[PDB]
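Just one chain is shown here, as structure tokens, and it is the form deposited in one PDB entry.
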């Protein structure tokens, strides 16, 4: 009923060789912790307790002990959590917290393609606009074209969402022809149809990698970790009004490939944004947009002194253009 508390049972096992390959096929997902770190230990134990009847294994691989198995799997960063799913290895880069870890694993454990089989689900599909989506129409799950699409979906999981229908009426409402795949940029209503259908998996992966930096995109707690970053609380009328300005500049520079704004909602990342306030010396809980140096953590911020008089989209665009050309960094 209330919140779970860790019961003391140690479920995070230590995985050796020979013991290795048995547990990879016992589970859907293998969670590997590569080696004062009682905080990460206890978060991992609580996630393992809460998910104990899911098809997820929790193991730890010591840097000095199972260096054999760590070399066998390619574990560079010590203190990092790696997820194995079949033949694939996923390094978790999100916040090492129980909520974020649970959400990440439950995203990874499901099939990479979500099937839409109802016309009433298409309206809901079209209104979900916060992430990159791909959707295709195939004859069935057995099709070689579905298989190529599913294999591409596995390559981007869980960061990019793939969808498919096998129904003519659903596909008609999505304006999809047979074996065609539409690509949806975030916060844009009109999809891009991938050229020269039907597609191999290499054709799908290459298209998605070209279009992986859209004009505006929303940070997620899973996928994270020169750089234009905008801060807007969607739950606040100020931040929401600013978000609508950012959406307007996104639809004006779909032609511009050198424009990629990362929108961070502070309500989605309250600890991270508060920590960044100490580094950037600015109030990031009111509307801001800046460019950050990846190395030196230097920053320059657009002047938004008055949240009752936010910049228009043209004023944002002019500041953006001065930054790419060279205003300051």
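Numbering follows the first chain given and starts at 1. If you superpose the two forms and keep the largest set of C-alpha atoms that fall within 1.5 Å, you have the rigid core.
Quick note: we don't show the form deposited in another entry, though the next part is all about it.
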* Taking the rigid core as reference, does the Cα of residue 90 move 2 Å or more between the shown form and the other one? -> yes
* Asked: Cα of residue 195 displaced 2 Å or more between the shown form and the other one, core superposed?
  -> no
* Asked: 2 Å or more on the CA of residue 246 between the shown form and the other one, with the rigid core superposed, yes or no?
  -> no
* To do: Note whether the distance between the C-alpha atoms of residue 160 and residue 80 decreases (closer) or increases (farther) in the other entry, against the displayed form; the change is 3 Å or more.
  => closer
* Cα-Cα trend for residue 80 and residue 132, given that in the other entry the distance shifts by 3 Å or more -> closer
